[PDB]
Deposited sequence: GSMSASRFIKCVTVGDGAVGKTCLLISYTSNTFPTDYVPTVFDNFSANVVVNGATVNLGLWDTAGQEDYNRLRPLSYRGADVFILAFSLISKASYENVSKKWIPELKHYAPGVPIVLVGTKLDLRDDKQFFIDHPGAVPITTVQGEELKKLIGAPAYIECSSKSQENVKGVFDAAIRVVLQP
């Protein structure tokens, strides 16, 4: 009846904002439904970050929908890391910053978008049971992230 969830992913992808959005319903860590949420720092921390993983029931592996590099780093860095420290714990893959992907003006001002179908193909590649695209800014699908997280750990 407890669920430790650890959020991981590159710098600036939106991990802390994701937790603030879910828990506080605002945009600048625990919940009860009928869930402990851990934040991490995503290279200086290579040795210390993994310490947070012990007894994790699920990982939220975030990458940014506006950043091809964070997309590439899921397979390059994060998967190898989680498999070393916590093989077998399920992964919910989250593409953050959905509000920016929607906005043509963002790419004029700035960035390479990741499509829903490409996020889905990455999901399959890493064996994640879930892939959710979300925006902490608009809050869209943020509740969905954590609802996936609980569904994927709880029996059935």
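Asker: As a test: can you identify every run of the deposited sequence that has no C-alpha position in this structure, in order?
Answerer: Missing CA coords at 1-6, 35-44, 51-57, 66, 135-136.
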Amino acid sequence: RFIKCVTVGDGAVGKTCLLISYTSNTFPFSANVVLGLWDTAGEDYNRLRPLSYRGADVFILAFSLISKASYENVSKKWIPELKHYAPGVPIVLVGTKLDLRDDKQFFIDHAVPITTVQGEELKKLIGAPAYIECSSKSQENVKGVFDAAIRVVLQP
From here on, numbers count along this sequence of modelled residues.
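Asker: Which is higher on mean Cα B factor in this entry, 121-129 or 43-51?
Answerer: Taking the mean C-alpha B-factor of 43-51 and of 121-129, the larger value falls to 43-51.
Asker: When the CA B-factors of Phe63, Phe59, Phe106, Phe27 are compared as recorded in the entry, which is the largest?
Answerer: Reading the PDB entry, the winner on C-alpha B-factor is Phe106.
Asker: Splitting the chain's C-alpha B-factors into thirds, which one does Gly14 fall into?
Answerer: It falls in the bottom third of the chain.
Asker: By the recorded C-alpha temperature factor, relative to the other modelled residues in its chain, which third is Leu154 in?
Answerer: Highest third - that is where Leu154 ends up once the chain's C-alpha B-factors are sorted.
Asker: Relative to the other modelled residues in the chain, which third contains the C-alpha temperature factor of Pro87: lowest, middle or highest?
Answerer: Middle third, going by the recorded CA B-factors of the chain.
Asker: Ranking every modelled residue in this chain by its Cα temperature factor as given in the entry, which third contains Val94?
Answerer: It belongs to the lowest third of the chain when residues are ordered by C-alpha B-factor.
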